Amino acid sequence: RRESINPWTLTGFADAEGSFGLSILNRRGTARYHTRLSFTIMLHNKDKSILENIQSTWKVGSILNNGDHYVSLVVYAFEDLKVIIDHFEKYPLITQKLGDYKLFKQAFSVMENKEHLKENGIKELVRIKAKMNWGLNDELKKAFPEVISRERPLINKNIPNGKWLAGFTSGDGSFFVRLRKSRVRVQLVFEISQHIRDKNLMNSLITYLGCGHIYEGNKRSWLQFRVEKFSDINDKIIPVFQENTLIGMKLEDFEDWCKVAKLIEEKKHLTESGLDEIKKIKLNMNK
DNA sequence: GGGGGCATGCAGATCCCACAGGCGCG
DNA sequence: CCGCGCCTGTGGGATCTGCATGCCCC
Ligand SMILES: [Ca+2]
Ligand SMILES: [Ca+2]
Ligand SMILES: [Cl-]
Ligand SMILES: [Cl-]
Ligand SMILES: [Cl-]
Ligand code: NA
Ligand code: NA
Ligand code: NA
Ligand code: NA
Ligand code: NA
């Protein structure tokens, strides 16, 4: 269907915005636990169509409101997780979140085998949870004080294809237009920010795209891959996402963005009339 | 028949996004 | 001189992540 999302683009978007959760909460009855596995993407409700298209591609998950500005797709039901696992086995994540998925998959197998009901089975879930995301809370640490290891292998993966990069960029990327006054100057920029735990992957964008720069700051837990040279934006960045379509509102930013690139390519941004259309397109992107 | 799991949420923490200014270089 | 773009810097909210529990069903 027209609303289907390329499975690599979906994995790339998951690498950007998704989250694998393992909730282990006290249940009342003596020493019983709620055990909840989940995959979640929460967005501004201006991008609810993304979540609906993902739900339509996978045929699992429930869309819910969060506040008045946000909306999330949550996959949680036991059989629904098998569809998540089957997709990610075949279209694997490449950021550090691969580690979280693999622990999530490991907890799933523990629960599918009913091992978390045996006398010494919840401790295994706690051990898995401690390695996921932000690890254990204080309460779980007090109830399982012997579970201290957060060691897990670091993920080292290459960008698999442009479909993945389109999904990743649709999440964590940015296409914007700069105007600077010395004459009013125009500048197209492309940037992706990311936590330094994936510094190798972000570094590799320079090779994979044949342009750009990695900036880190002298302060900083996150870095930026950025392209500021116009001919790199025109000859390398724009063709890559023409071949691999972005999703959500960022595709609209891109389409507006390229319209500015066409104007500047024709040198028609120097024209006072050409610059005035650039200001209009930019005012439209602010929406 | 107690719990395991679902349905359906709410709440906290931070990693992003969409930028701006200074300035050298060709 | 001039325009490009390398390089530094960042506010704050859209993300990422964690927390909650009554109901259903075997
Ligand atoms: Ca991200
Ligand atoms: Ca995003
Ligand atoms: Cl949820
Ligand atoms: Cl983290
Ligand atoms: Cl223990
Ligand atoms: Na949710
Ligand atoms: Na950015
Ligand atoms: Na170039
Ligand atoms: Na956007
Ligand atoms: Na984090």
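Order of the sequence lines fixes the chain letters, A, B, ..., with proteins taken first and strands second; residue numbering starts at 1 for each chain.
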Expected rows: protein N/O vs nucleotides 13-17 of chain B N/O, under 3.5 Å:
residue: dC15(B); atom: OP2; partner: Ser221(A); partner atom: OG; Å: 3.4
residue: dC16(B); atom: OP1; partner: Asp172(A); partner atom: OD2; Å: 3.3
residue: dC16(B); atom: OP1; partner: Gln194(A); partner atom: OE1; Å: 3.3
residue: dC16(B); atom: OP2; partner: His195(A); partner atom: N; Å: 2.7
residue: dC16(B); atom: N4; partner: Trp222(A); partner atom: NE1; Å: 3.3
residue: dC17(B); atom: OP2; partner: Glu17(A); partner atom: OE2; Å: 3.4
residue: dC17(B); atom: OP2; partner: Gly171(A); partner atom: O; Å: 3.0

Has the side chain of [X] got a donor or acceptor that lies under 3.5 Å from a partner of the other kind on the base of [N]?
X         : N      : answer
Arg185(A) : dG5(C) : yes
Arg220(A) : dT8(C) : no
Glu228(A) : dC4(C) : no

Measure the distance from [atom1] on [X] to [atom2] on [N] and round it to the nearest whole Å.
X         : N       : atom1 : atom2 : answer
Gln187(A) : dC2(C)  : CD    : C1'   : 16 Å
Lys229(A) : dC25(B) : NZ    : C1'   : 13 Å
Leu73(A)  : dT8(B)  : CG    : P     : 15 Å
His69(A)  : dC10(B) : NE2   : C1'   : 16 Å
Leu223(A) : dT10(C) : CG    : P     : 16 Å
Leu37(A)  : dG4(B)  : CG    : P     : 16 Å
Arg180(A) : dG24(B) : CZ    : P     : 13 Å
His213(A) : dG5(C)  : NE2   : P     : 10 Å

Would you please confirm or rule out a distance under 4.0 Å between OP1 or OP2 of [N] and any side-chain N or O of [X]?
X         : N       : result
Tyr215(A) : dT8(C)  : no
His116(A) : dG5(B)  : yes
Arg32(A)  : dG4(B)  : yes
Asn137(A) : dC19(C) : yes

What residues, two or more places apart in sequence or in another chain, satisfy side chain to side chain donor-acceptor pair (under 3.5 Å) together with [X]?
X         : answer
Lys131(A) : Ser149(A)
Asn66(A)  : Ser72(A)
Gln96(A)  : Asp198(A)
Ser174(A) : none

Nearest listed nucleotide, side chain of [X], among [options]:
X         : options                   : result
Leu25(A)  : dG22(B), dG9(B), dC19(C)  : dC19(C)
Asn133(A) : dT17(C), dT21(C), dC7(C)  : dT17(C)
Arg27(A)  : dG5(B), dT17(C), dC19(C)  : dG5(B)
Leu43(A)  : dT17(C), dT15(C), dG4(B)  : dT15(C)
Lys114(A) : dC6(C), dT8(C), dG5(B)    : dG5(B)
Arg36(A)  : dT17(C), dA20(C), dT8(C)  : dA20(C)
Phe176(A) : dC23(B), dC19(B), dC16(C) : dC19(B)
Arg178(A) : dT8(C), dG21(B), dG5(B)   : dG21(B)

Task: Given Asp15(A), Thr9(A), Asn6(A), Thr169(A), the one that forms side chain to side chain donor-acceptor pair (under 3.5 Å) with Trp164(A) - done: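 Checked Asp15(A), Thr9(A), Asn6(A), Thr169(A) against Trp164(A); only one passes side chain to side chain donor-acceptor pair (under 3.5 Å): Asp15(A).
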Open item on the list: For DNA chain B, which residues of residues 74-81 of chain A approach it to below 4.0 angstrom with any heavy atom?
Closed with: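 Correct list: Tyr76(A), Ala77(A), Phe78(A).
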Task: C1'-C2'-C3'-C4' sign verdict for the sugar of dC10(B), north or south - done: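 South pucker for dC10(B).
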- [ ] Do me a favour and sort the pucker of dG9(B) into north or south by its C1'-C2'-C3'-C4' torsion.
- [x]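 North pucker for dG9(B).
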TODO: Fit a plane to each ring of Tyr101(A) and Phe88(A), take the angle between them on a 0 to 90° scale, and name the class: parallel (under 30°), tilted (30 to 60°) or perpendicular (over 60°).
DONE: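 It falls in the tilted class, 30° to 60°.
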Task: Ring geometry between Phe190(A) and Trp257(A) (parallel below 30°, tilted from 30 to 60°, perpendicular above 60°) - done: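 Rings of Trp257(A) and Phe190(A): tilted, as their planes differ by 30° to 60°.
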Task: Degree of bending in the helix from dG2(B)-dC26(C) to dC25(B)-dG3(C) once both end axes are built from five pairs, to 10° - done: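 Between the first-five-pair axis and the last-five-pair axis there is 40°.
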Task: Salt-bridge contact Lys199(A)-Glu216(A) (side-chain N to carboxylate O under 4.0 Å) - done: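 Yes.
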Open item on the list: Hydrophobic clustering (ILVMFWY, side-chain heavy atoms < 4.5 Å, transitive) - are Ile128(A) and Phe108(A) grouped together?
Closed with: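 Yes, it is one cluster - the side chains of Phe108(A) and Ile128(A) are joined through contacts under 4.5 Å.
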Open item on the list: My understanding is that only residues two or more places apart in sequence, or in another chain, count here; which of them pass salt bridge (charged side-chain N to carboxylate O under 4.0 Å, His left out) with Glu151(A)?
Closed with: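 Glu151(A) satisfies salt bridge (charged side-chain N to carboxylate O under 4.0 Å, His left out) with no residue once adjacent residues are dropped.
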Open item on the list: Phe225(A): which residues meet the ring pair (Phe, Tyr, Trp, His ring centres under 6.0 Å) condition with it, sequence neighbours left out?
Closed with: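 Here no residue qualifies.
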- [ ] Under the ring pair (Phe, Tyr, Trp, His ring centres under 6.0 Å) rule, collect the residues that match up with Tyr208(A), sequence neighbours excluded.
- [x]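 Partners of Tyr208(A) by the ring pair (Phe, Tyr, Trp, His ring centres under 6.0 Å) criterion come out as none, since no residue qualifies.
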Open item on the list: Could you work out, with side-chain contact (heavy atoms from CB on, under 4.5 Å) as the rule, every residue matching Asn200(A), not counting sequence neighbours?
Closed with: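 With neighbours one apart ignored, the set is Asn156(A).
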Task: Residues clustered with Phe176(A), ILVMFWY side-chain links under 4.5 angstrom - done: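 Once heavy-atom contacts under 4.5 Å are chained together, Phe176(A) belongs with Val189(A).
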